[PDB]
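Listed next as structure tokens is one chain, alone, in the form deposited in one PDB entry.
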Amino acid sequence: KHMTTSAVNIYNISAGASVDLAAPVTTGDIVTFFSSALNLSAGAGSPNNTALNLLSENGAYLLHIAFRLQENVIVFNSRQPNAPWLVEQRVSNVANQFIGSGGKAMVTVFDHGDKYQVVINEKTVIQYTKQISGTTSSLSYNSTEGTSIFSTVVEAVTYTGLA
């Protein structure tokens, strides 16, 4: 065959849950996490640190995106299976990254081979140089066993077979 066939896959990921991808994400592909909520409140009941993750088949964290309200930073990192975290990249001021977001948000990751480009709504927040390479085979959503900055269910959409 000569024509290009791409694919859309849709996943509902609860806080504290993971999904295995039916179509892996590789160079040229995209994943967007859609949240139907955004909670940036301080004080009692304030959200715990909340992460969205792209994992390889052996459980490496290819990209970990940790939104830390109290510390007021977004941390980007990677981690081999059963190993220490690698070198963090940080973006300061969580709320500033969600200006004009309203009551929902999206976090998009482009796999560009050597880098992951992360875009919050329309704003590129990092061109992250990869610390671990390879295909993404699962996604996960960690709210430190408690209150999340996002909706209880986040919808992940993958666009694959692009290249």
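Numbers for residues come from their place in the sequence shown, where the first is 1. For the two forms, the rigid core is made up of the largest set of C-alpha atoms that agree within 1.5 Å on superposition. Shifts are known only where both forms have a C-alpha.
A second form of this protein, the form deposited in another entry, is not displayed here; the remarks below concern that form.
No residue in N9, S18, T144, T152 other than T144 shows a CA shift of 2 angstroms or more between the shown form and the other one after fitting the rigid core.
After superposition on the rigid core, displacement of the C-alpha of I99 between the shown form and the other one stays below 2 Å. A movement of the C-alpha atom of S46 reaching 2 angstroms or beyond is seen between the shown form and the other one when the two forms are aligned on their rigid core. Annotation: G146/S56 CA-CA distance longer in the other entry than in the displayed model, change of at least 3 Å. Between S18 and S46, the C-alpha separation shrinks by 3 Å or more in the other entry, relative to the conformation displayed. 42-49, 144-147 make up the set of runs between the shown form and the other one where every Cα shifts by 2 Å or more, each run at least three residues long, with the core as reference frame.
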